[PDB]
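Accompanying notes for the structure given below.
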Amino acid sequence: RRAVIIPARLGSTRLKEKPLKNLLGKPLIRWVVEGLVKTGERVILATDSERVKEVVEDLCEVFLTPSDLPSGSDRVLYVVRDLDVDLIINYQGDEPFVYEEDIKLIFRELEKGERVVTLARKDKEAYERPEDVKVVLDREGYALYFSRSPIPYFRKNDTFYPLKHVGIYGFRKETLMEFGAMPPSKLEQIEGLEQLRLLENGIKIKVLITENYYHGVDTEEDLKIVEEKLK
Amino acid sequence: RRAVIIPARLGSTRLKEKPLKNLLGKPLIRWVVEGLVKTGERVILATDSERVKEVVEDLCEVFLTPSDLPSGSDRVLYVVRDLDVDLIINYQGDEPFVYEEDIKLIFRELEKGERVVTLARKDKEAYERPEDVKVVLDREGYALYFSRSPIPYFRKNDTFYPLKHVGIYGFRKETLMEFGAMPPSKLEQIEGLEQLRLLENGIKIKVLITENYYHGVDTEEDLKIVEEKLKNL
Ligand SMILES: Nc1ccn([C@@H]2O[C@H](COP(=O)(O)OP(=O)(O)OP(=O)(O)O)[C@@H](O)[C@H]2O)c(=O)n1
Ligand SMILES: Nc1ccn([C@@H]2O[C@H](COP(=O)(O)OP(=O)(O)OP(=O)(O)O)[C@@H](O)[C@H]2O)c(=O)n1
Ligand SMILES: [Mg+2]
Ligand SMILES: [Mg+2]
Ligand SMILES: [Mg+2]
Ligand SMILES: [Mg+2]
């Protein structure tokens with residue numbers, strides 16, 4: 001009763017036609033799908049192009065969805081409504097690194113009784129970059145807050161923080177539908193961070209610390225960088 | 001019953017002997033005490049200093065405390081721990097502004113069943129100053145996080161944020177005791193923010209938004225700021 005859903009639209013703006021961009025001779029979306037199928041889970045691509053569907057068709061289910069859906073999570077919400085499932089992972093279509101254990105860790109955490117779980121890695125590079133999301137945690141590993149600002153403020157030094165949030169999320173289905181029904185919240189819209197809707201509405205997010213390398217492909221520089229890593 | 005407890009040790013470092021520092025002809029601590037006494041509440045000064053005691057002894061109770069207590073909240077706990085009260089307000093000794101209705105709002109909030117209550121005000125100037133504490137709230141007004149960093153990040157601007165935290169706290173006695181028994185936590189020590197111990201240990205902090213002006217006196221600059229405000233009411 002599990003699925004990994006991947007939203008991957010064709011109309012990326014910072015890189016032309018992202019899902020189809022070749023990484024070491026293989027389209028980005030195929031890297032993501034290959035890695036996710038190897039985990040043995042049910043994998044569902046949500047896309048708005050048959051050209052993208054045709055690249056991974058052989059490996060997983062694809063569902064076409066309106067191009068004009070305004071976010072990755074709206075695209076996932078749009079396929080999840082019609083899917084009879086209990087536990088969902090939402091995976092970024094531009095994240096070619098996939099680790100079976102993290103997928104497993106996420107699903108186990110949900111089976112323990114968590115409604116929302118996500119990932120974070122120790123990373124100093126992200127600290128002062130507004131495009132990277134930082135996260136701070138309570139003693140049991142629940143997120144206190146996520147921000148584009150450099151959090152925490154280092155009045156004293158530390159080797160654990162700062163953390164970079166990795167935008168992969170596990171949900172219980174009903175919590176994900178609940179999220180879809182809540183109006184956008186105040187800090188969510190200020191920061192441009194959908195995950196704040198959960199926090200602002202008192203939904204706990206379990207954050208798991210991973211050492212595995214993640215790094216999305218948004219720009220031509222990311223593609224060059226992530227190309228080198230995949231060796 | 002309830003009490004308001006004011007920790008004021010003599011040994012400030014960023015400004016010398018600050019409770020005794022002259023503020024428009026009155027020592028700083030005397031402003032705080034005079035303000036609090038007109039609330040009608042029981043007001044207690046917690047201090048390590050005979051000179052500090054002498055300046056307010058005519059107005060309120062003074063309790064002696066060890067000079068080596070490591071923070072104001074710890075000085076408050078030192079007297080609270082064998083005081084027969086249910087609810088307390090920890091009011092900073094270097095906060096010369098007092099608003100009776102704010103004191104009442106805090107106590108009412110504790111009477112609803114809150115364990116920890118504090119205040120924040122809209123303040124654009126505090127945003128980029130590390131010495132000032134920003135706070136972000138959930139939809140019910142509970143603190144999500146406090147930080148010296150500029151939070152929230154303004155991908156878009158806002159009418160409400162940013163907020164400056166005003167370091168006045170209401171506690172149920174038992175909650176103040178638990179806090180004192182918790183070891184300093186990780187983000188607390190990174191940020192230099194004791195209140196984070198509460199969040200990291202999963203104790204909810206209710207934050208009420210006040211429109212009243214507050215400003216702590218930590219440096220000579222703060223003292224001038226405060227003097228200018230007080231000459232312009
Ligand atoms: N309207 C949107 C926007 C994003 N996504 C998906 O959400 C993920 C994260 O978004 P992002 O990395 O920003 O990709 P793009 O929006 O496509 O790229 P860009 O921001 O450069 O335009 C991507 O896999 C993307 O395909 C989507 O399905 N629908
Ligand atoms: N060990 C401490 C530290 C602080 N306080 C009290 O807590 C309040 C807030 O502390 P702060 O503004 O930092 O004053 P000081 O620590 O005394 O001064 P400084 O930090 O400049 O050395 C003050 O009323 C102060 O007297 C206290 O009782 N004992
Ligand atoms: Mg985008
Ligand atoms: Mg991306
Ligand atoms: Mg101090
Ligand atoms: Mg102060």
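Numbered from 1 within each chain, the chains take letters A, B, ... in sequence-line order.
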(message) If you define the side chain from C-beta out and look only at heavy atoms, does anything of A/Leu176 sit under 4.5 Å from A/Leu77?
(response) yes
(request) Flag the pair A/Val52 / A/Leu45 as yes when at least one side-chain heavy-atom distance between them is below 4.5 Å, and no otherwise. (result) yes
(message) Could you work out, with side-chain contact (heavy atoms from CB on, under 4.5 Å) as the rule, every residue matching B/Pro184, not counting sequence neighbours?
(response) B/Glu188, B/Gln189, B/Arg197
(request) Salt-bridge test for B/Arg129 and B/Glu221: reply yes if a basic N is under 4.0 Å from a carboxylate O, no otherwise. (result) yes
(request) Sort and list the pairs that fulfil salt bridge (charged side-chain N to carboxylate O under 4.0 Å, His left out) and have at least one residue in residues 153-169 of chain A, not counting sequence neighbours. (result) A/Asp123-A/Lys164, A/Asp158-B/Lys186
(message) How long is the straight-line distance from CD of A/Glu61 back to CG of A/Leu83, given to the nearest 0.5 Å?
(response) 8.0 Å
(message) Tell me whether the count of non-hydrogen atoms from other residues, nucleotides or ligands lying under 6.0 Å of CZ in B/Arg81 goes above 12.
(response) yes
(message) One pair to check against side-chain contact (heavy atoms from CB on, under 4.5 Å): B/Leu193 and A/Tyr153. What are the steps and the verdict?
(response) CA-CA 10 Å; B/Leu193 294 179; A/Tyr153 179 91; over 6 Å; no
(message) Determine whether A/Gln92 and A/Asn90 satisfy the following criterion, side chain to side chain donor-acceptor pair (under 3.5 Å), listing intermediate values before the conclusion.
(response) CA-CA 7 Å; A/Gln92 318 153 124; A/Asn90 169 5; over 6 Å; no
(request) Please name all residues satisfying side-chain contact (heavy atoms from CB on, under 4.5 Å) with A/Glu128, sequence neighbours left out, ordered by chain then number. (result) A/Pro150
(request) Please name the pair of heavy atoms, one in A/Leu199 and one in A/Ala143, separated by the smallest distance, quoted to 0.1 Å. (result) CD2-O, 3.8 Å
(request) Could you name each residue pair satisfying salt bridge (charged side-chain N to carboxylate O under 4.0 Å, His left out) that touches residues 171-181 of chain A, not counting sequence neighbours? (result) A/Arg115-A/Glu178
(message) So, taking the atom named OG1 in B/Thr175 and the one named CD1 in B/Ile203, what distance separates them when rounded to the nearest 0.5 Å?
(response) 6.5 Å
(request) Compare all side-chain heavy atoms of A/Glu191 with those of A/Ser147 and state whether any distance is below 4.5 angstrom. (result) yes
(request) Would you indicate whether B/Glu111, at its atom CD, is surrounded by more than 12 heavy atoms from other residues, nucleotides or ligands within a distance under 6.0 Å? (result) yes
(request) Hey, could you give me the CE/CE distance between A/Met182 and A/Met177, rounded to the nearest 0.5 Å? (result) 11.5 Å
(request) Any pair with a residue in residues 206-216 of chain B that passes salt bridge (charged side-chain N to carboxylate O under 4.0 Å, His left out), sequence neighbours left out, goes on the list, sorted by first then second residue, please. (result) B/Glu109-B/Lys206
(request) Before giving the answer on side-chain contact (heavy atoms from CB on, under 4.5 Å), spell out for A/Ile103 and A/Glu41 the whole-Å C-alpha distance, their side-chain angles and the decisive distance to 0.1 Å. (result) CA-CA 9 Å; A/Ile103 293 298; A/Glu41 300 286 346; 4.1 Å; yes
(request) Look up atom CG in A/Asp132 and atom CD in A/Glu125, then write down how far apart they are to the nearest 0.5 Å. (result) 7.5 Å
(request) Spell out, as yes or no, whether a donor-acceptor pair under 3.5 Å connects the side chain of A/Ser49 to the backbone of A/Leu10. (result) no
(request) Any pair with a residue in residues 65-111 of chain A that passes ring-ring contact (aromatic ring centres under 6.0 Å, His included), sequence neighbours left out, goes on the list, sorted by first then second residue, please. (result) A/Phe97-A/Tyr213, A/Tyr99-A/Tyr214
(request) Check whether any side-chain heavy atom of A/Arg51 lies under 4.5 Å from a side-chain heavy atom of A/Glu17, and answer yes or no. (result) yes
(message) Quick one, A/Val226 with A/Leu23, criterion side-chain contact (heavy atoms from CB on, under 4.5 Å). Give me CA distance, side-chain angles, the key distance, then yes/no.
(response) CA-CA 8 Å; A/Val226 167; A/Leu23 225 152; 3.8 Å; yes
(message) So for atom NZ, which belongs to A/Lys104, do other residues, nucleotides or ligands contribute more than 12 heavy atoms lying within a distance under 6.0 Å?
(response) yes
(message) Looking at A/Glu220 and A/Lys224, is there a salt bridge between them, counting it only when a charged N and a carboxylate O are closer than 4.0 Å?
(response) yes
(request) Can you measure from CG (A/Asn157) to CD1 (B/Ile190) and round to the nearest 0.5 angstrom? (result) 9.0 Å
(message) Tell me the closest heavy-atom pair linking A/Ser149 and B/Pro152, and the distance in Å.
(response) OG-C, 4.3 Å
(request) Using a strict 4.0 Å threshold on nitrogen-to-oxygen distance, state whether B/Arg139 and A/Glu200 make a salt bridge. (result) no
(request) Using a strict cut-off of less than 4.0 Å between a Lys/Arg side-chain nitrogen and an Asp/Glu carboxylate oxygen, indicate whether A/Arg14 and A/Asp222 qualify as a salt bridge. (result) no
(request) Would you check, one step at a time, whether the test side chain to side chain donor-acceptor pair (under 3.5 Å) holds for B/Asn201 with A/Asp138? (result) CA-CA 7 Å; B/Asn201 276 273; A/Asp138 73 16; over 6 Å; no
(message) Any non-hydrogen side-chain atom of B/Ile151 less than 4.5 Å from a side-chain atom of A/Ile151?
(response) yes
(message) Just checking A/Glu50: does its CD atom have more than 12 heavy atoms from other residues, nucleotides or ligands closer to it than 6.0 angstrom?
(response) no
(message) Looking at A/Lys229, I'd like to know if its NZ atom is crowded, meaning that more than 12 non-hydrogen atoms belonging to other residues, nucleotides or ligands lie closer than 6.0 Å.
(response) no
(request) List the steps and the verdict of side chain to side chain donor-acceptor pair (under 3.5 Å) for B/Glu194 and B/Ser71. (result) CA-CA 9 Å; B/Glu194 286 179 297; B/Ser71 80; 2.8 Å; yes
(message) Apply side-chain contact (heavy atoms from CB on, under 4.5 Å) to residues A/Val166 and A/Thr118 and explain how you reach the verdict.
(response) CA-CA 7 Å; A/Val166 181; A/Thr118 195; 5.9 Å; no
(request) Indicate yes or no for a side-chain donor-acceptor contact from B/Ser185 to the backbone of B/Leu187 under 3.5 Å, with no hydrogens or angles considered. (result) no
(message) So that I can tick it off, tell me whether A/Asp74 and A/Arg9 are bridged by a salt bridge, with the cut-off set at under 4.0 angstrom between side-chain N and carboxylate O.
(response) no
(message) So B/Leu198 and B/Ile205, do their side chains get closer than 4.5 Å, heavy atoms only?
(response) yes
(message) If you define the side chain from C-beta out and look only at heavy atoms, does anything of B/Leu137 sit under 4.5 Å from B/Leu163?
(response) yes
(request) Could you check A/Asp48 against A/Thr65 for side chain to side chain donor-acceptor pair (under 3.5 Å), going step by step and ending with a plain yes or no? (result) CA-CA 5 Å; A/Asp48 64 336; A/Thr65 51; over 6 Å; no
(message) So does B/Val85 get a backbone contact from the side chain of B/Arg2, meaning a donor-acceptor N/O pair under 3.5 Å?
(response) no
(message) Taking the basic N atoms (NZ, or NE/NH1/NH2) and the acidic carboxylate oxygens, is any pair closer than 4.0 Å for A/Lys18 and A/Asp218?
(response) yes
(message) Distance check, rounded to the nearest 0.5 Å: A/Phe154 atom CZ versus A/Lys124 atom NZ?
(response) 9.0 Å
(message) I'd like to know if the side chain of A/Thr210 reaches the main chain of A/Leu119, judged simply by a donor and an acceptor atom lying under 3.5 Å from each other, with no hydrogens or angles considered.
(response) no
(message) Assess the residue pair A/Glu34 and A/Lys26 against the criterion (salt bridge (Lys or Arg N to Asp or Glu O under 4.0 Å)); give the C-alpha distance rounded to whole Å, side-chain angles, the decisive distance to 0.1 Å, and a yes or no.
(response) CA-CA 11 Å; A/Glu34 276 177 5; A/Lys26 191 222 302 308; 3.1 Å; yes
(request) For atom CD of B/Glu101, decide whether the heavy atoms of other residues, nucleotides or ligands shown that lie under 6.0 angstrom number more than 12. (result) yes
(message) Side chains of B/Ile106 and B/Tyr169, heavy atoms from C-beta outward: is any pair under 4.5 Å?
(response) no
(request) Give a yes or no answer on whether the side chain of B/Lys134 reaches the backbone of B/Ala126 with a donor-acceptor pair at less than 3.5 Å. (result) yes
(message) Please verify the inter-ring angle class for A/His165 with A/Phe146; under 30° counts as parallel, over 60° as perpendicular, anything in between as tilted.
(response) perpendicular
